[PDB]
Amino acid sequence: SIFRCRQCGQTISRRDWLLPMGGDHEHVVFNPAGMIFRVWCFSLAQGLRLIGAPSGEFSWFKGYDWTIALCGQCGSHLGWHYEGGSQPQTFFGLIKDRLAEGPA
């Protein structure tokens, strides 16, 4: 039921907050450095630090601008916060294998 940072245990999200974007909470994507990510979309997250200013370049999600989301505790790259869009205006795409799932 709760998602923590796999590296340090920082509280990040919850299964209840998963968000099916275009029909599915899970999206498999690659960046221009050819890294493949299994991204889980969440309506809400906490315990992150969002770094820099949003950018629309290479956005996987139509109409959204992204900011890099680090673990606020350990600094590990956990995914991205998306904004600037519609329905919803904002959400988080977190890298599923950087999280640890467990009891509430």
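Don't overthink the numbering: it's just position in the shown sequence, from 1.
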Greater mean Cα temperature factor according to the PDB record, 72-80 or 25-33: 25-33
Would you determine, from the values in the PDB entry, which of 50-58 and 34-42 has the greater average C-alpha temperature factor? 50-58
Going by the entry, which third of its chain does the Cα temperature factor of residue 19 land in? highest
Where does residue 88 sit by CA temperature factor within its chain: lowest, middle or highest third? highest
Classify residue 2 as lowest, middle or highest third according to the C-alpha B-factor given in the PDB entry, relative to its own chain. middle
